[PDB]
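Only one chain is shown below, in structure tokens, and it's the form deposited in one PDB entry.
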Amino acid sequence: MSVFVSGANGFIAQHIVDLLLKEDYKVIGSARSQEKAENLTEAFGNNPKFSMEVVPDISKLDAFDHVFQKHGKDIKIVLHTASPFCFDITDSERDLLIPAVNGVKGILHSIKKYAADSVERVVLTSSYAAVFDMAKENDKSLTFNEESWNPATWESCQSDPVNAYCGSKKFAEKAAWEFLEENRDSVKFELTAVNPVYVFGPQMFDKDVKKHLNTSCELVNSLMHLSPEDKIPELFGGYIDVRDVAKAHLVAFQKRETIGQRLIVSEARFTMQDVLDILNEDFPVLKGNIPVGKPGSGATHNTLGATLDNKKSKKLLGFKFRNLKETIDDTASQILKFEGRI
């Protein structure tokens, strides 16, 4: 019995691989190159329960054919986490929409073709971006929940890369639900979506702390490099720690009740002010070297937007989430260890 993890070297995915290995699953991941694959197995101490396959590009609809061709019989759980979340891009349709959508369509078709009778559970790493309305997050009267969907269309979301990325998550997820609709009789697997907000926390391995991080964590790395007189980025959203997100993925395949659900993994709201308040208080080396802003005016003290109601998800997942202080501390301290500031 095996668990397949697409994009296994990713920020979230490495923490998933971690939790799977500790719960004694055999794990198979994919990475874009033999190099990244070998680096990942090595980092995990060449665990004999862990192996990797090379899947260079998920925009290819037959990208996952080979893994399910040869391992389909042994694969019981599929966690599809790979999706472009990168912004040095030339074209939204081609660098965001097509790969994310074809990634989902491809892997599910690979399952149908080679593992229709063995794969019991599929979990898709979607996003809160597939749930919310960007133009409306700022409105205190409105409410978003698991039944909410991103209103943007193919074409409309192509206005800018951030919108396109959000659309890509929406359409990759819609495609997964549509595929299960259209093939319900022809496949055995049940589907769950996991929909994280902004994901913070430490990288699985210290080696992977570099000058610039994965985009969600870069937001903290970036803040820690602003000078006191620099302008504070405007951002309002939910937050969640990466170890909590990884655990949400395990619970999403292990539980009966998470069959056919969308699970928003979100603890509470934040703005950058809330992140500054924490950095300033917990890291003396940062105080006086970063902005202060207006302390206490962030979302950890004020209702500043629409209500994210993920109470259903919190109840389905059945464990409590790290607060902002804990997740920001772990991110920042790990980075300061790489900068040599402690």
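The first residue of the shown sequence is 1; numbering continues from there. We call the rigid core the largest set of C-alpha positions that still match within 1.5 Å between the two forms.
S.K.: With respect to the recorded C-alpha B factors, which stretch has the higher mean value, 7 to 15 or 315 to 323?
M.R.: The entry gives the higher C-alpha B-factor average to 315 to 323.
S.K.: Which has higher Cα B-factors on average according to the PDB entry: 202 to 210 or 119 to 127?
M.R.: Higher mean C-alpha B-factor: 202 to 210.
S.K.: Can you tell me which of 184, 247, 80, 256 has the highest Cα temperature factor in the record?
M.R.: Of the options given, 184 has the highest CA B-factor in the PDB entry.
S.K.: For the listed residues 192, 102, 159, 195, which one has the largest C-alpha B-factor as given in the deposited model?
M.R.: By C-alpha B-factor in the record, 159 ranks first.
S.K.: Would you mind ranking residue 74 by its C-alpha B-factor against the rest of the chain and naming the third, lowest, middle or highest?
M.R.: For residue 74, the deposited C-alpha B-factor lands in the middle third.
S.K.: C-alpha B factor of residue 49, ranked within the chain: lowest, middle or highest third?
M.R.: As the PDB entry reports it, the C-alpha B-factor of residue 49 lands in the lowest third of its chain.
S.K.: Quick check on the deposited entry: does the C-alpha B-factor of residue 34 sit in the lowest, middle or highest third of its chain?
M.R.: Its C-alpha B-factor belongs to the middle third of this chain's values.
S.K.: Based on the entry's values, in what third of the chain does the Cα temperature factor of residue 223 lie: lowest, middle or highest?
M.R.: As the PDB entry reports it, the C-alpha B-factor of residue 223 lands in the highest third of its chain.
S.K.: What third of the chain does residue 148 rank in for C-alpha temperature factor, lowest, middle or highest?
M.R.: Highest third - that is where residue 148 ends up once the chain's C-alpha B-factors are sorted.
This next part talks about the form deposited in another entry, which is not shown.
S.K.: Please name the single residue among 159, 138, 254, 143 whose Cα shifts by at least 2 Å between the shown form and the other one after core superposition.
M.R.: Meeting the 2 Å or more criterion is only 159.
S.K.: Using a rigid core superposition, assess whether residue 92 undergoes a CA shift of 2 Å or more between the shown form and the other one.
M.R.: After core superposition, the displacement of the residue 92 C-alpha between the shown form and the other one reaches the 2 Å mark, so yes.
S.K.: Check residue 95 against residue 8 at the C-alpha atoms and report closer or farther in the other entry, compared with the shown form; the change is 3 Å or more.
M.R.: Compared with the shown chain, residue 95-residue 8 is farther in the other entry.
S.K.: Note whether the distance between the C-alpha atoms of residue 176 and residue 88 decreases (closer) or increases (farther) in the other entry, against the displayed form; the change is 3 Å or more.
M.R.: Between the C-alphas of residue 88 and residue 176, the gap narrows in the other entry (3 Å or more compared with this form).
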